[PDB]
Amino acid sequence: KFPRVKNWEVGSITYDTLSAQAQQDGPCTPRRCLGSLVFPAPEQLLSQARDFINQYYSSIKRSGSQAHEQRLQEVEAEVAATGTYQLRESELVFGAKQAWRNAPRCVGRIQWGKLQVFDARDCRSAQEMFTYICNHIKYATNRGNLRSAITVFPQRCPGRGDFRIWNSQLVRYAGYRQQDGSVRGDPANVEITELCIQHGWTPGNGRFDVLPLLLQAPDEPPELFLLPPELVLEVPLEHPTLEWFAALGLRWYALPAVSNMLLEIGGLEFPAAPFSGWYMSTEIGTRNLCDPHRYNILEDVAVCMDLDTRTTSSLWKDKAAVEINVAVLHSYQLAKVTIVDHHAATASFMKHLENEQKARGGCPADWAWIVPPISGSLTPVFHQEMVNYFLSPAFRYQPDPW
Amino acid sequence: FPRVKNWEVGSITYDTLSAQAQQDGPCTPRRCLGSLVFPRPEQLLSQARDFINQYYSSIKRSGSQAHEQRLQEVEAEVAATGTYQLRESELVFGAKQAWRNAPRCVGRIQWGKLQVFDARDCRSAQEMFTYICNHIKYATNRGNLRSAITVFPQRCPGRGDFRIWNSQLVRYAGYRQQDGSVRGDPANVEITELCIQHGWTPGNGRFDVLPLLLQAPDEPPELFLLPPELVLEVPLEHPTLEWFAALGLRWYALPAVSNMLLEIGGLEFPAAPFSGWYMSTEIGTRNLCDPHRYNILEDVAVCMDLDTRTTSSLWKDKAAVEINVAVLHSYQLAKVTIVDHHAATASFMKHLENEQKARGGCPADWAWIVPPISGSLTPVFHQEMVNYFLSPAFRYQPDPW
Ligand code: HEM
Ligand code: HEM
Ligand SMILES: Cc1cc(N)nc(CCc2cc(CC[C@H]3CCN3C)cc(F)c2F)c1
Ligand SMILES: Cc1cc(N)nc(CCc2cc(CC[C@H]3CCN3C)cc(F)c2F)c1
Ligand SMILES: C[C@H](O)[C@H](O)[C@H]1CNc2nc(N)[nH]c(=O)c2N1
Ligand SMILES: C[C@H](O)[C@H](O)[C@H]1CNc2nc(N)[nH]c(=O)c2N1
Ligand SMILES: [Cl-]
Ligand SMILES: [Cl-]
Ligand SMILES: [Gd]
Ligand SMILES: [Gd]
Ligand SMILES: [Zn+2]
């Protein structure tokens with residue numbers, strides 16, 4: 001009645017008992033599995049809040065204490081008087097860490113307890129929101145010694161619109177639809193680029209132009225804010241032994257900072273709560289640079305390497321991709337900017353799974369996102385069966401505000 | 001009807017074929033178990049009725065005289081005897097369908113070209129061995145490999161089953177040690193000790209071809225030495241790394257799966273070995289580089305003078321690409337059919353487009369379709385897939401012992 005899970009490299013078997021507590025429902029049925037798809041009232045607020053309060057008082061060894069029951073009654077009474085409730089500062093910190101811990105697609109969760117939580121729930125305007133965001137970027141970047149962080153802006157509440165960051169990440173390169181239909185820059189960012197221009201941004205014409213932030217205060221149009229260039233640390237890409245690689249003029253930014261996800265804690269929703277960590281090298285080298293629908297550099301690099309691109313069996317794509325990933329790792333290490341390779345990251349994720357089996361009886365994990373996009377079966381997570389399910393607190397997708 | 005998106009091109013399709021999914025799978029709204037290798041009497045007539053309907057739809061003759069006639073016959077056969085017999089053409093159709101329905105098979109663009117050997121009159125283990133031998137010779141074909149399946153007698157109540165105890169027709173010995181380790185293939189330590197147990201004189205090499213354990217109903221298995229010239233093997237060499245040949249690596253030509261159960265129209269065939277040709281990553285990445293298999297990756301990296309002291313040199317990735325190159329070069333030089341993972345996945349994308357217009361979708365298991373190296377460099381990575389069970393099917397079954 002609890003899923004049995006095998007690791008095929010060692011022979012291990014565990015049972016994921018935590019999955020039986022899964023609090024919301026996913027896309028799969030006994031009919032059909034949809035695991036590979038990218039996108040899968042006071043009483044119900046109270047029951048969500050009650051579960052989270054139970055989690056919080058369990059974590060501090062105060063389950064069933066005087067303070068525990070008091071907090072339950074306080075929330076009950078605030079939901080009856082106001083239709084909502086406010087988290088205490090310690091509850092917010094706990095909830096943000098649990099949301100990361102619970103994120104099935106994150107291979108970086110060995111780190112979940114080391115998260116700096118900035119409380120911006122008093123934020124008042126898009127201009128104050130910008131200042132909070134700049135300081136998050138400065139703290140998290142830390143001159144290349146990256147530190148995980150999240151900034152939480154005010155929750156959704158009755159009577160008011162949302163705070164929203166329109167950008168999908170705090171640092172993103174412009175994607176300029178050009179008139180053939182090609183894109184100069186990042187094709188993933190064509191939409192937000194057009195929105196920025198529409199709100200008064202004077203565009204560039206380079207491949208690596210950092211976009212401005214579009215920031216929305218409750219019941220206000222979004223407002224455009226240019227990031228100070230010295231806050232955006234970037235890494236020019238070179239290769240340790242292919243000297244022509246630097247002449248590609250490729251770059252990437254230090255800080256991966258997701259800004260468009262919804263943070264849900266105890267039934268409360270925080271539509272603006274950007275979080276950042278540090279990159280895994282395959283995110284940059286394999287996906288961002290080599291996806292055919294992104295920068296798509298693979299064939300240019302292969303031609304430069306003198307590989308035989310006329311036949312698939314020469315494995316020219318694999319050879320070129322390896323050297324691009326080498327170039328990313330080398331360049332970030334040379335620049336003294338935190339980066340993790342996919343072998344170290346998946347090894348640390350295996351330790352996380354062992355930690356979590358002891359702590360909670362399992363760990364929600366999405367195999368297709370945990371296994372790296374190159375060298376899959378060379379990493380230990382390939383051979384680990386995984387159980388995917390939804391726990392709260394959680395980071396959730398939400399529709400684009402436009 | 002699940003909506004399914006390809007993220008490289010941005011196109012959308014709907015898998016309407018999923019709505020007819022039969023034997024339910026392991027996932028629930030509460031938890032997805034898509035990554036698990038093994039998913040967690042008048043009913044015979046329902047499965048035969050549906051399969052006969054499948055048959056006459058495919059030949060554009062549903063609701064015609066031969067269709068109604070065949071419906072009554074299976075009814076009368078089951079009423080009289082409790083089971084029924086497939087016509088030769090239906091057995092051919094069902095074998096091709098079970099391959100077409102195999103969600104984990106990336107090679108399904110070939111599903112229309114399958115040679116079916118009808119062995120339902122087999123009656124002894126010596127008979128099996130001659131059948132298996134005929135299959136291997138036909139399928140190998142001096143290196144110009146041809147997909148094939150041999151269908152041994154169906155399961156029936158009261159009697160025992162035909163079983164092949166080997167997981168494949170060609171396997172290498174796995175010899176345990178004075179200290180746990182293994183000379184040879186660790187995937188086959190269990191069946192190596194069974195062959196030795198039934199009288200097989202073991203060897204001392206890393207690539208000794210195991211004998212066959214063939215089991216006629218209610219008889220203990222019997223060893224059969226495979227004729228050495230029937231087992232086509234490929235010594236592994238690298239096109240430029242001259243020392244690679246000195247590693248003494250070899251693999252065999254024919255991937256022939258001999259432990260799966262073939263289910264057609266409610267009938268069960270526990271002995272129905274099928275074969276095709278290898279995708280290069282199966283040999284170079286999984287069989288040779290998996291930690292619990294031959295685990296050669298670090299030895300190749302030492303010969304390449306790579307820095308094995310830091311994971312961020314990507315020495316594993318570099319060594320693995322060169323192993324896969326050596327596999328492709330060696331099989332092409334030996335004139336033995338093989339397909340690289342780029343070609344195979346591009347053909348699978350074509351297969352998805354064909355199946356979209358033919359049947360309204362295609363059951364596909366993303367984790368098994370995406371190759372074990374260079375995943376996001378292939379188009380299947382960016383293709384959302386829906387996994388579900390149709391019949392006819394190849395199913396897993398308990399090991400016979
Ligand atoms: C500290 C280093 C971190 C590493 C190395 C890391 C690694 C990754 C990777 C490789 C992905 C896959 C995303 C993709 O392929 O586009 C991912 C997803 C994710 N990460 Fe982490 N991450 C880190 C920190 C964090 C932090 C600090 C948070 C939140 C506090 C977080 C939350 C998430 C979430 C919610 C996802 C899901 C993204 C989605 O569903 O699209 N991660 N992570
Ligand atoms: C002709 C070329 C073929 C290619 C290139 C090919 C390729 C593959 C690959 C790479 C797998 C992954 C399984 C694993 O790695 O464990 C697979 C699975 C499978 N193949 Fe094919 N195959 C071919 C022919 C066939 C034929 C002729 C049949 C049956 C008539 C077949 C039936 C299956 C089945 C049932 C599986 C599922 C394996 C499992 O779930 O363990 N294949 N195939
Ligand atoms: C904090 C952090 C550190 C590291 N290393 N990587 C990441 C992943 C980047 C990341 C990327 C995406 C894009 C996914 C699909 C869904 C919408 N988009 C088209 C969606 C995320 F939610 C996310 F988080 C985050
Ligand atoms: C005909 C054909 C051609 C090619 N190229 N590849 C194959 C796949 C080989 C193949 C391999 C396995 C091992 C999988 C795990 C599950 C049990 N075992 C430990 C299980 C199969 F069922 C199978 F078929 C077949
Ligand atoms: C269609 C498929 O689900 C999609 O490409 C997924 C697969 N696995 C992934 N894994 C990670 N880490 N990131 C991704 O964007 C994706 N994309
Ligand atoms: C744990 C995981 O599901 C398991 O290792 C699967 C993953 N995908 C696979 N894909 C193929 N083609 N063959 C395999 O054996 C596996 N193994
Ligand atoms: Cl990114
Ligand atoms: Cl194999
Ligand atoms: Gd050089
Ligand atoms: Gd040397
Ligand atoms: Zn599922």
# chains A, B, ... in the order shown; residues from 1 in each chain; ligands from 1
>>> residues_around(residues="stretch 294-297 of chain B", least_positions_apart="2", cutoff="12 Å", atoms="only C-alpha atoms", output="PyMOL selection string")
(chain A and resi 9+377-378) or (chain B and resi 172-174+181-188+206-207+244+247-251+283-292+299-304+306+308+314-324)
>>> residues_around(residues="residue B:363", least_positions_apart="6", cutoff="8 Å", atoms="only C-alpha atoms", output="VMD selection string")
chain B and resid 18 101 to 103 385 to 389
>>> write_last_selection(atoms="C-alpha atoms", output="PDB file, in the first residue's frame")
ATOM      1  CA  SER B  18      -5.188   6.829 -24.495  1.00  0.00           C
ATOM      2  CA  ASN B 101       2.116  -1.122 -28.424  1.00  0.00           C
ATOM      3  CA  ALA B 102       5.429  -1.442 -26.537  1.00  0.00           C
ATOM      4  CA  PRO B 103       5.704   1.941 -24.756  1.00  0.00           C
ATOM      5  CA  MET B 385       4.542  11.673 -24.035  1.00  0.00           C
ATOM      6  CA  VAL B 386       1.584   9.733 -22.615  1.00  0.00           C
ATOM      7  CA  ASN B 387       2.152   6.251 -21.192  1.00  0.00           C
ATOM      8  CA  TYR B 388      -0.547   3.567 -21.055  1.00  0.00           C
ATOM      9  CA  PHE B 389      -1.216  -0.113 -21.749  1.00  0.00           C
TER      10      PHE B 389
END
>>> atom_distance(atom1="atom CA of residue B:79", atom2="atom CA of residue B:158")
17.4 Å
>>> residues_around(residues="residue A:326", least_positions_apart="5", cutoff="10 Å", atoms="only C-alpha atoms", output="count of residues only")
15
>>> closest_atom_pairs(of="chain A", to="ligand 5", cutoff="9 Å", atoms="only C-alpha atoms and all ligand atoms", output="CSV")
residue,atom,partner,partner_atom_place_in_ligand_line,distance
A:35,CA,ligand 5,3 (O),7.7
A:36,CA,ligand 5,3 (O),4.2
A:37,CA,ligand 5,3 (O),5.0
A:38,CA,ligand 5,3 (O),5.1
A:39,CA,ligand 5,3 (O),8.8
A:105,CA,ligand 5,12 (N),6.8
A:106,CA,ligand 5,12 (N),7.7
A:107,CA,ligand 5,12 (N),8.2
A:283,CA,ligand 5,12 (N),7.6
A:287,CA,ligand 5,15 (O),7.8
A:366,CA,ligand 5,10 (N),8.6
A:367,CA,ligand 5,8 (N),8.2
A:368,CA,ligand 5,8 (N),4.7
A:369,CA,ligand 5,10 (N),3.3
A:370,CA,ligand 5,12 (N),5.9
A:371,CA,ligand 5,12 (N),7.0
A:372,CA,ligand 5,12 (N),6.4
A:373,CA,ligand 5,10 (N),6.7
>>> residues_around(residues="residue B:195", least_positions_apart="3", cutoff="10 Å", atoms="only C-alpha atoms", output="compact mmCIF listing (two decimals) with N, CA, C and O atoms, in the first residue's frame")
# COMPACT_ATOMS: atom_id res chain seq x y z
N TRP B 165 14.72 -19.94 -19.84
CA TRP B 165 15.21 -19.42 -18.57
C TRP B 165 16.20 -18.27 -18.74
O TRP B 165 16.34 -17.45 -17.82
N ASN B 166 16.88 -18.19 -19.87
CA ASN B 166 17.74 -17.05 -20.14
C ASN B 166 16.89 -15.81 -20.43
O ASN B 166 15.81 -15.89 -21.02
N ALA B 173 28.73 -14.91 -19.44
CA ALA B 173 28.77 -15.49 -18.11
C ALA B 173 29.14 -14.45 -17.07
O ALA B 173 29.89 -13.51 -17.33
N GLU B 190 23.26 -14.89 -11.76
CA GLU B 190 22.23 -15.82 -11.31
C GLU B 190 22.04 -16.96 -12.30
O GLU B 190 21.97 -18.13 -11.92
N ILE B 191 21.96 -16.63 -13.59
CA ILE B 191 21.73 -17.68 -14.58
C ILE B 191 23.02 -18.42 -14.89
O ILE B 191 22.99 -19.60 -15.27
N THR B 192 24.18 -17.77 -14.72
CA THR B 192 25.45 -18.48 -14.82
C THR B 192 25.54 -19.59 -13.79
O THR B 192 25.95 -20.72 -14.11
N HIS B 198 23.38 -27.13 -13.57
CA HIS B 198 22.84 -28.18 -14.41
C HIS B 198 23.89 -28.83 -15.30
O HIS B 198 23.54 -29.43 -16.32
N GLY B 199 25.17 -28.72 -14.95
CA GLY B 199 26.22 -29.50 -15.58
C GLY B 199 27.15 -28.75 -16.50
O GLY B 199 28.06 -29.37 -17.07
N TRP B 200 26.98 -27.44 -16.68
CA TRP B 200 27.80 -26.69 -17.63
C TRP B 200 29.17 -26.41 -17.05
O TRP B 200 29.29 -25.76 -16.01
N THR B 201 30.21 -26.90 -17.73
CA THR B 201 31.60 -26.58 -17.42
C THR B 201 31.84 -25.10 -17.65
O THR B 201 31.80 -24.64 -18.80
N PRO B 202 32.08 -24.31 -16.60
CA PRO B 202 32.29 -22.87 -16.78
C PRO B 202 33.61 -22.58 -17.48
O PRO B 202 34.43 -23.46 -17.74
N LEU B 210 26.93 -17.90 -22.57
CA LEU B 210 26.30 -18.89 -21.71
C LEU B 210 25.54 -19.92 -22.55
O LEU B 210 25.15 -19.64 -23.69
N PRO B 211 25.34 -21.12 -22.03
CA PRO B 211 24.44 -22.07 -22.67
C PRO B 211 22.98 -21.68 -22.41
O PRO B 211 22.68 -20.82 -21.60
N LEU B 212 22.08 -22.33 -23.14
CA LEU B 212 20.66 -22.08 -23.00
C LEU B 212 20.05 -23.05 -22.00
O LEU B 212 20.41 -24.24 -21.98
N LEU B 213 19.11 -22.56 -21.19
CA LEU B 213 18.30 -23.41 -20.32
C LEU B 213 16.88 -23.39 -20.85
O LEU B 213 16.14 -22.42 -20.65
N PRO B 221 14.60 -28.01 -16.72
CA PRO B 221 15.31 -27.47 -17.88
C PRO B 221 16.41 -28.41 -18.35
O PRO B 221 16.80 -29.36 -17.67
N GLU B 222 16.92 -28.13 -19.54
CA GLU B 222 18.06 -28.86 -20.08
C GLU B 222 19.00 -27.90 -20.78
O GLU B 222 18.56 -26.99 -21.49
N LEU B 223 20.30 -28.10 -20.57
CA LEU B 223 21.32 -27.26 -21.19
C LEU B 223 21.45 -27.57 -22.67
O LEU B 223 21.37 -28.73 -23.09
N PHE B 224 21.68 -26.52 -23.46
CA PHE B 224 21.95 -26.65 -24.89
C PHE B 224 23.07 -25.68 -25.24
O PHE B 224 22.91 -24.47 -25.08
>>> interface_residues(of="chain B", to="chain A", cutoff="7 Å", atoms="only C-alpha atoms", output="compact mmCIF listing (two decimals) with N, CA and C atoms, in the first residue's frame")
# COMPACT_ATOMS: atom_id res chain seq x y z
N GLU B 8 10.25 21.90 -28.68
CA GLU B 8 11.21 22.40 -29.66
C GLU B 8 10.51 23.16 -30.79
N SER B 18 -5.34 7.19 -25.90
CA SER B 18 -5.19 6.83 -24.50
C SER B 18 -6.52 6.46 -23.86
N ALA B 21 -7.31 2.72 -22.93
CA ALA B 21 -6.28 1.99 -22.18
C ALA B 21 -6.89 0.84 -21.38
N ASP B 24 -4.77 -1.43 -16.24
CA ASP B 24 -4.38 -0.13 -15.71
C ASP B 24 -2.95 -0.15 -15.17
N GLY B 25 -2.35 1.03 -15.15
CA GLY B 25 -0.98 1.19 -14.75
C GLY B 25 -0.81 1.56 -13.29
N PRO B 26 0.41 1.95 -12.91
CA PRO B 26 0.75 2.08 -11.49
C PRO B 26 0.49 3.46 -10.89
N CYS B 27 0.10 4.45 -11.68
CA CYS B 27 0.01 5.82 -11.18
C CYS B 27 -1.40 6.12 -10.69
N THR B 28 -1.48 7.05 -9.75
CA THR B 28 -2.74 7.56 -9.22
C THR B 28 -2.65 9.08 -9.18
N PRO B 29 -3.78 9.76 -8.99
CA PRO B 29 -3.71 11.22 -8.79
C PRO B 29 -2.81 11.61 -7.63
N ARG B 30 -2.67 10.74 -6.63
CA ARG B 30 -1.87 11.01 -5.44
C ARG B 30 -0.36 10.94 -5.70
N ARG B 31 0.09 10.11 -6.65
CA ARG B 31 1.52 9.88 -6.83
C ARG B 31 1.77 9.21 -8.17
N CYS B 32 2.78 9.70 -8.88
CA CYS B 32 3.20 9.12 -10.14
C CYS B 32 4.34 8.13 -9.88
N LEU B 33 4.22 6.94 -10.47
CA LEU B 33 5.23 5.89 -10.36
C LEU B 33 5.82 5.57 -11.73
N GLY B 34 5.80 6.55 -12.63
CA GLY B 34 6.27 6.39 -13.98
C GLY B 34 7.72 5.96 -14.09
N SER B 35 8.52 6.20 -13.06
CA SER B 35 9.93 5.83 -13.15
C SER B 35 10.22 4.39 -12.72
N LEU B 36 9.25 3.67 -12.18
CA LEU B 36 9.51 2.31 -11.72
C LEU B 36 9.68 1.34 -12.89
N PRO B 291 27.42 1.02 -13.70
CA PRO B 291 28.26 0.60 -12.57
C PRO B 291 28.06 -0.84 -12.16
N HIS B 292 26.85 -1.37 -12.32
CA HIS B 292 26.54 -2.75 -11.97
C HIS B 292 26.65 -3.69 -13.16
N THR B 311 35.34 15.52 -10.87
CA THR B 311 34.18 15.25 -11.71
C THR B 311 33.97 16.35 -12.75
N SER B 312 34.40 17.57 -12.45
CA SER B 312 34.13 18.71 -13.33
C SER B 312 35.02 18.74 -14.56
N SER B 313 36.00 17.83 -14.67
CA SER B 313 36.67 17.63 -15.95
C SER B 313 35.77 16.95 -16.98
N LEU B 314 34.62 16.42 -16.55
CA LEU B 314 33.71 15.67 -17.41
C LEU B 314 34.39 14.46 -18.05
N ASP B 317 31.91 11.75 -19.15
CA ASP B 317 31.24 12.07 -20.39
C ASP B 317 32.15 11.84 -21.59
N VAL B 321 31.58 8.95 -24.59
CA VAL B 321 31.39 9.24 -26.01
C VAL B 321 32.31 8.35 -26.85
N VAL B 325 31.47 5.69 -29.73
CA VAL B 325 32.07 5.74 -31.06
C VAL B 325 32.64 4.37 -31.44
N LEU B 328 29.90 1.92 -32.50
CA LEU B 328 29.38 2.20 -33.84
C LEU B 328 30.40 1.85 -34.93
N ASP B 340 22.57 4.42 -34.35
CA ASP B 340 22.94 5.36 -33.30
C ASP B 340 21.68 6.03 -32.72
N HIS B 342 20.89 9.15 -32.22
CA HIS B 342 20.33 10.28 -32.97
C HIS B 342 19.41 9.80 -34.09
N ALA B 343 19.87 8.83 -34.89
CA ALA B 343 19.03 8.30 -35.96
C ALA B 343 17.78 7.64 -35.41
N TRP B 366 8.50 8.06 -21.60
CA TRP B 366 9.54 9.06 -21.85
C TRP B 366 10.89 8.62 -21.31
N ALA B 367 10.91 8.12 -20.07
CA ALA B 367 12.16 7.73 -19.43
C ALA B 367 12.90 6.63 -20.18
N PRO B 372 20.18 7.16 -22.90
CA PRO B 372 20.85 7.36 -21.61
C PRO B 372 22.07 8.27 -21.67
N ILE B 373 22.47 8.74 -22.84
CA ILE B 373 23.41 9.83 -22.99
C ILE B 373 22.81 10.81 -23.99
N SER B 374 23.21 12.07 -23.86
CA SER B 374 22.83 13.11 -24.81
C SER B 374 21.31 13.27 -24.92
N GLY B 375 20.59 13.01 -23.84
CA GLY B 375 19.14 13.14 -23.85
C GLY B 375 18.58 14.37 -24.56
N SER B 376 18.93 15.58 -24.09
CA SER B 376 18.32 16.79 -24.64
C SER B 376 18.85 17.17 -26.01
N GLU B 384 6.58 15.88 -25.13
CA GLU B 384 5.73 15.30 -24.09
C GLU B 384 5.09 14.01 -24.59
N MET B 385 5.01 13.01 -23.70
CA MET B 385 4.54 11.67 -24.03
C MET B 385 3.53 11.19 -23.00
N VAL B 386 2.63 10.33 -23.44
CA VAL B 386 1.58 9.73 -22.61
C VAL B 386 1.82 8.23 -22.57
N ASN B 387 1.85 7.66 -21.37
CA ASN B 387 2.15 6.25 -21.19
C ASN B 387 0.90 5.50 -20.74
N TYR B 388 0.63 4.37 -21.39
CA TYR B 388 -0.55 3.57 -21.05
C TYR B 388 -0.44 2.22 -21.76
>>> residues_near_ligand(ligand="ligand 4", cutoff="9 Å", atoms="only C-alpha atoms and all ligand atoms", output="JSON, numbers by chain")
{"A": [8], "B": [37, 38, 104, 105, 106, 107, 147, 148, 167, 168, 187, 254, 255, 256, 257, 258, 259, 260, 273, 274, 275, 276, 277, 278, 279, 280, 282, 338, 339, 394, 395, 396]}
>>> residues_near_ligand(ligand="ligand 7", cutoff="7 Å", atoms="only C-alpha atoms and all ligand atoms", output="list in words")
residues 256, 283, 284 and 288 of chain A
>>> write_last_selection(atoms="C-alpha atoms", output="short mmCIF file (atom, residue, chain, number, x, y, z; two decimals), in the first residue's frame")
data_model
loop_
_atom_site.label_atom_id
_atom_site.label_comp_id
_atom_site.auth_asym_id
_atom_site.auth_seq_id
_atom_site.Cartn_x
_atom_site.Cartn_y
_atom_site.Cartn_z
CA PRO A 256 19.65 31.92 -11.50
CA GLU A 283 21.46 24.16 -17.34
CA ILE A 284 23.66 26.66 -19.14
CA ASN A 288 20.28 27.29 -22.62
#
>>> select_by_dssp(residues="stretch 237-321 of chain A", states="alpha helix (DSSP H)", output="PyMOL selection string")
chain A and resi 281-282+289-290+298-304+316-321
>>> closest_atom_pairs(of="chain B", to="ligand 3", cutoff="12 Å", atoms="only C-alpha atoms and all ligand atoms", output="JSON lines")
{"residue": "B:7", "atom": "CA", "partner": "ligand 3", "partner_atom_place_in_ligand_line": "19 (C)", "distance": 9.0}
{"residue": "B:8", "atom": "CA", "partner": "ligand 3", "partner_atom_place_in_ligand_line": "19 (C)", "distance": 11.4}
{"residue": "B:10", "atom": "CA", "partner": "ligand 3", "partner_atom_place_in_ligand_line": "19 (C)", "distance": 11.5}
{"residue": "B:382", "atom": "CA", "partner": "ligand 3", "partner_atom_place_in_ligand_line": "15 (C)", "distance": 11.7}
>>> write_last_selection(atoms="C-alpha atoms", output="PDB file, in the first residue's frame")
ATOM      1  CA  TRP B   7       8.610  22.197 -26.889  1.00  0.00           C
ATOM      2  CA  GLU B   8      11.207  22.403 -29.660  1.00  0.00           C
ATOM      3  CA  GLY B  10       5.731  24.447 -30.205  1.00  0.00           C
ATOM      4  CA  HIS B 382      11.401  17.886 -25.917  1.00  0.00           C
TER       5      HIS B 382
END
>>> residues_around(residues="residue B:329", least_positions_apart="6", cutoff="8 Å", atoms="only C-alpha atoms", output="PyMOL selection string")
chain B and resi 237-239
>>> residues_around(residues="residue A:108", least_positions_apart="2", cutoff="7 Å", atoms="only C-alpha atoms", output="PyMOL selection string")
chain A and resi 106+110-111+345+349
>>> closest_residue(among="A:244, A:122, A:257, A:381", to="ligand 9", atoms="only C-alpha atoms and all ligand atoms")
A:244
>>> atom_distance(atom1="atom CA of residue B:130", atom2="atom CA of residue B:208")
21.5 Å
>>> residues_around(residues="residue A:357", least_positions_apart="2", cutoff="10 Å", atoms="only C-alpha atoms", output="list in words")
residues 14, 15, 16, 17, 18, 351, 352, 353, 354, 355, 359, 360, 361, 362 and 363 of chain A
>>> write_last_selection(atoms="N, CA, C and O atoms", output="tab-separated table (two decimals), in the first residue's frame")
chain	number	residue	atom	x	y	z
A	14	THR	N	13.67	0.73	-0.78
A	14	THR	CA	13.00	1.50	0.26
A	14	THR	C	11.52	1.56	-0.08
A	14	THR	O	11.10	1.21	-1.19
A	15	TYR	N	10.71	1.98	0.89
A	15	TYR	CA	9.29	2.23	0.69
A	15	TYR	C	9.03	3.70	0.97
A	15	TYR	O	9.45	4.21	2.00
A	16	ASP	N	8.35	4.37	0.04
A	16	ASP	CA	8.06	5.80	0.19
A	16	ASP	C	6.73	5.94	0.93
A	16	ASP	O	5.66	5.96	0.34
A	17	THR	N	6.81	6.05	2.26
A	17	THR	CA	5.61	6.23	3.06
A	17	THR	C	5.11	7.67	3.05
A	17	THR	O	3.92	7.91	3.30
A	18	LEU	N	5.99	8.62	2.75
A	18	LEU	CA	5.59	10.03	2.74
A	18	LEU	C	4.55	10.31	1.67
A	18	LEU	O	3.73	11.22	1.82
A	351	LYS	N	22.45	11.79	-1.65
A	351	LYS	CA	22.56	11.93	-0.21
A	351	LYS	C	21.29	12.54	0.37
A	351	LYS	O	20.81	12.11	1.42
A	352	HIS	N	20.71	13.52	-0.34
A	352	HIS	CA	19.44	14.12	0.08
A	352	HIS	C	18.34	13.06	0.18
A	352	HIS	O	17.57	13.05	1.15
A	353	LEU	N	18.27	12.15	-0.81
A	353	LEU	CA	17.25	11.10	-0.75
A	353	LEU	C	17.45	10.20	0.46
A	353	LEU	O	16.47	9.77	1.07
A	354	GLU	N	18.71	9.89	0.78
A	354	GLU	CA	18.99	9.12	1.99
A	354	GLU	C	18.61	9.92	3.24
A	354	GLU	O	18.01	9.37	4.17
A	355	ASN	N	18.97	11.21	3.28
A	355	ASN	CA	18.58	12.04	4.42
A	355	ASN	C	17.06	12.05	4.58
A	355	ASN	O	16.53	11.89	5.69
A	359	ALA	N	14.35	11.10	7.55
A	359	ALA	CA	13.63	12.19	8.22
A	359	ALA	C	12.12	12.05	8.08
A	359	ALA	O	11.38	12.25	9.05
A	360	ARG	N	11.64	11.72	6.88
A	360	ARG	CA	10.22	11.84	6.58
A	360	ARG	C	9.61	10.62	5.91
A	360	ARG	O	8.42	10.66	5.55
A	361	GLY	N	10.37	9.55	5.71
A	361	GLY	CA	9.84	8.38	5.05
A	361	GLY	C	9.74	8.46	3.55
A	361	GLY	O	9.00	7.68	2.95
A	362	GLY	N	10.46	9.38	2.92
A	362	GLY	CA	10.44	9.47	1.47
A	362	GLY	C	10.79	10.87	1.00
A	362	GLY	O	11.16	11.74	1.79
A	363	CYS	N	10.68	11.05	-0.30
A	363	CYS	CA	11.03	12.33	-0.90
A	363	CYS	C	10.42	12.46	-2.29
A	363	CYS	O	10.76	11.69	-3.20
>>> atom_distance(atom1="atom CA of residue B:352", atom2="atom CA of residue B:114")
18.8 Å
>>> select_by_dssp(residues="stretch 34-278 of chain B", states="strand (DSSP E or B)", output="ChimeraX atom specification")
/B:115-118,148-151,163-164,168,172,174-175,183-184,209,212-215,222-224,233-235,250-252,256-257,261-264,267-269,274-275,278
